[PDB]
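Undergrad:
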Ligand code: HEM
Ligand SMILES: N#Cc1ccc(COc2ccc(/C=C\c3ccc(C(F)(F)[C@](O)(Cn4cnnn4)c4ccc(F)cc4F)nc3)cc2)cc1
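Residue numbers (the authors' numbering): 50 to 519.
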């Protein structure tokens, strides 16, 4: 009834298994039979799926009274991030919170991050056992996750948090990260041992962050441009109340989780693709020689934006491997589709997957082929034509006519896109300077994508060859 119900075999499990294995293949098979609208039930709820640029526009630009993001996620995210932040509050408070973070991610702050990021990556390569010797292999996902957590903590989280990852922050975030698995999506409240560790880790992280805050106020000073010393001053809401340290702590935790899971996954895919394409890596290296010079001066916020192909590699990687595959909202009021007789009721969830349009033939010819040169049409870290609407933070292009929305659109769109492009590009440029990458003998292509966790990542333990240049 209403949108076409998918023909499945069982109650309550539905196609979740088909969805969990590969959402895109599942979304594509449903599109062949049902069109740009399906409705499949993953476990308990009814999830309506609207595909196409309209489908993304319908859900991402849905009216605030009609769709609800927090209700869908809050129970999973709130125990991990903490209270009063992000989803644990009305949408208005989220917009102010987004404002504070985007406030602290200005270009001058981004400028200060580049030398820090280069320092951490160079320090890692020299001190980490992952790249010792002229030639060898290395666990891509494990190594890359360490690099993204070092670069994000040093720049964004600050000195103390960066120092804390040398002792008892590693185990804290591993314990806290156990909160995410979608099993928690439904039973985030059950007192299973993994949830008890999550709660214990969340409390301990909060106490540590606030002590770092209290220590700074005891000195009443400030150093350089981290979102910690920012949220201390960027505390006043429109009502006139300063952001309490507890909220600051929980925001940092949220930024800590969101940045790492997204950066580690994408950067891993970047390294994996470059191993399959040695010609592309050598072309990246030649770009730095041509654009920056034979001397290869240190990377800065300025000379990074000249890298055109480096940006393309990130863009093409995001197109096929963006860690989020399903955006999901809770339907509050019944909504009429603009064109058809279909009506989406309240008992339903809505799911928009901009990745489907990002791998459609009509939008990208030969979509599954990873080719950064397809982007010789246009490049944009900040992108495009459509209208810009402000919901309380900056001015965000809610535009949907685009089939390429890795960071989403509308009032929830990502505010860490610039920081992500800064971090990914910097790490990539540094790794391009230092290494060549090859697959292990006999290995062709790339590993499959794991969709079982909230975030998607490469499937198993993937190793590739590294070879230093000098
Ligand atoms: C490639 C890396 C990243 C990807 C692919 C990504 C993806 C996304 C997507 C798809 C959304 C919209 C989801 C929705 O509408 O429900 C989003 C929102 C957001 N992301 Fe990211 N993100 C990335 C990096 C980051 C980073 C580095 C941060 C913080 C430093 C961050 C913080 C956020 C925040 C705060 C939101 C707002 C969510 C909302 O308002 O509902 N993201 N992200
Ligand atoms: N068998 C089986 C089986 C397998 C798989 C499935 C289901 O498959 C999936 C896969 C992924 C999901 C995803 C989502 C998801 C998670 C977190 C968030 C977020 F909100 F939390 C986030 O946007 C994350 N983020 C973004 N940018 N940065 N961070 C965020 C926002 C603000 C913030 F400050 C920090 C944040 F990190 N948003 C969306 C859901 C289902 C079912 C069954």
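C-beta: ideal position from N, C-alpha, C; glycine also.
Kindly examine ligand 2 and report whether one of its heavy atoms sits closer than 7 Å to the Cβ of residue 183.
TA: no
Undergrad: Between residue 189 and residue 320, is the Cβ-Cβ spacing less than 8 Å?
TA: yes
Undergrad: Measuring only the C-alpha atoms, how far is residue 525 from residue 261?
TA: The requested residue 525 does not occur in the structure, where the chain is confined to residues 50 to 519.
Undergrad: Is residue 478 near ligand 1 - that is, is its Cβ less than 7 Å away from at least one heavy atom of it?
TA: Relative to ligand 1, the beta carbon of residue 478 is positioned no closer than 7 Å to any heavy atom.
Undergrad: For the alpha helix (DSSP H) that residue 322 lies in, which residues bound it at each end?
TA: Counting along the chain, the alpha helix (DSSP H) containing residue 322 begins and ends at 294-325.
Undergrad: Could you work out which residue in 426, 225 and 145 is closest to residue 289 when comparing CA atoms only?
TA: 145
Undergrad: Over the uninterrupted beta strand (DSSP E) stretch that includes residue 188, give me the two end residues.
TA: 184-188
Undergrad: State the Cα-Cα distance for the pair residue 67 and residue 232, rounded to the nearest angstrom.
TA: Approximately 16 Å between the Cα atoms of the pair.
Undergrad: Is the closest heavy atom of ligand 2 to the C-beta of residue 463 under 7 Å?
TA: For residue 463, the CB falls within less than 7 Å of some heavy atom of ligand 2.
Undergrad: Spatial neighbours of residue 113 within its chain, please: C-beta separation below 7 Å, excluding the five flanking residues on both sides.
TA: Here residue 113 has 140 as same chain residues with Cβ atoms under 7 Å from its own Cβ, once five neighbours each way along the sequence are excluded.
Undergrad: Which partner residues does residue 514 have in the DSSP bridge list?
TA: 186 and 487
Undergrad: Taking 8 Å as the threshold, find out whether the segment 409-423 comes into contact with the segment 116-131 through three or more Cβ pairs.
TA: Using a Cβ-Cβ distance cut-off of 8 Å, the segment 409-423 and the segment 116-131 are not in contact, since fewer than three pairs of beta carbons, one from each stretch, lie closer than that value.
Undergrad: Residue 141 lies in the alpha helix (DSSP H); which residues open and close that run?
TA: 140-152
Undergrad: Just the C-alpha distance for residue 366 and residue 266, rounded to the nearest angstrom, thanks.
TA: Those two C-alpha atoms are separated by around 42 Å.
Undergrad: How is residue 398 classed by DSSP in three states: helix, strand or coil?
TA: strand
Undergrad: Span of the alpha helix (DSSP H) holding residue 77?
TA: 72-83
Undergrad: May I ask whether a heavy atom of ligand 2 can be found less than 7 Å away from the beta carbon of residue 277?
TA: no
Undergrad: Can you tell me where the beta strand (DSSP E) holding residue 155 begins and where it ends?
TA: Where residue 155 is concerned, there is no enclosing beta strand (DSSP E), given that its DSSP letter is neither H nor E.
Undergrad: I need the boundaries of the alpha helix (DSSP H) containing residue 122, first residue and last residue.
TA: 119-130
Undergrad: Run the proximity test for residue 367: is its beta-carbon closer than 7 Å to any non-hydrogen atom belonging to ligand 4?
TA: Among the ligands modelled here, namely ligand 1 and ligand 2, ligand 4 does not occur.
Undergrad: Rounding to the nearest angstrom, what Cα-Cα distance links residue 376 and residue 94 in this structure?
TA: 15 Å
Undergrad: Return the CA-CA distance between residue 374 and residue 451, expressed in angstroms with no decimal places.
TA: 16 Å
Undergrad: Should residue 141 be listed as close to ligand 1, given that the test is whether its C-beta is under 7 Å from any heavy atom?
TA: no
Undergrad: Within 7 Å: the Cβ of residue 126 and any heavy atom of ligand 2?
TA: With a threshold of 7 Å, the Cβ atom of residue 126 counts as near ligand 2, since some heavy atom of the ligand is closer than that.
Undergrad: Is there at least one non-hydrogen atom of ligand 1 closer than 7 Å to the beta-carbon of residue 214?
TA: no
Undergrad: Take residue 162 and list the residues in its own chain whose beta-carbon comes closer than 7 Å to its own, dropping the five residues that flank it on each side.
TA: 204 and 471
Undergrad: Exposed or buried, which one is residue 272 when buried takes at least 16 other CB atoms within 10 Å?
TA: exposed
Undergrad: Measuring CA to CA, which of 313, 488, 383 and 240 is closest to residue 51?
TA: 383
Undergrad: If contacts are defined as beta-carbon pairs under 8 Å, then residue 89 and residue 96 qualify, I think. What distance do you get, rounded to the angstrom?
TA: 6 Å
Undergrad: Under DSSP, the beta strand (DSSP E) around residue 99 begins and ends at which residues?
TA: 95-99
Undergrad: Have a look at residue 62 and residue 69 and give me their C-alpha separation to the nearest angstrom.
TA: Here the alpha carbons of residue 69 and residue 62 stand approximately 11 Å from one another.
Undergrad: Can you check DSSP and say which residues form a bridge with residue 347?
TA: DSSP output for residue 347 lists no bridge partner at all.
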